[PDB]
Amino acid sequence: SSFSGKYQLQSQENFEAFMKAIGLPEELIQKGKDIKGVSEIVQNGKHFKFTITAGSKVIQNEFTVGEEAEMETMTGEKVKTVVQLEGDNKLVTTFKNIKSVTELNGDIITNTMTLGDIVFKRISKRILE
């Protein structure tokens, strides 16, 4: 129903493989690969504010689903894309050659990003406040 919350990374798969494929330096990959931080989502209807802890970087993006928005990626590149809400619990977008699916089930968010044959998956749990 609502994505709002603070989410603690629990586990992830193919962080190093994904970050290498998009061109992150090995130095940043090694620094960030073991960080299990907290991301925050604030949802207000179709409007979302994301404060994402991804490795050693914090990225803060904002968008209304269905509207074109400029979003900062891991590389620092700002891409223009549209994020759609599928049902009430799935955010889906494409940018460059990446497909991204953010799915909320109960208190668990599963983020799946697909680049070629690499499936980068993050599983995070809502902090119960």
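Throughout, we count residues from 1 along the sequence that is shown.
For the pair 62 to 70 and 26 to 34, the mean B factor over Cα atoms is greater in 26 to 34.
Judged by mean Cα B factor in the deposited record, 85 to 93 ranks above the other of 53 to 61 and 85 to 93. The PDB entry assigns the greatest CA B-factor among 100, 75, 44, 39 to 75.
The PDB entry assigns residue 19 a C-alpha temperature factor belonging to the middle third of its chain's modelled residues. The entry lists a Cα temperature factor for residue 118 that places it in the highest third of the chain's modelled residues.
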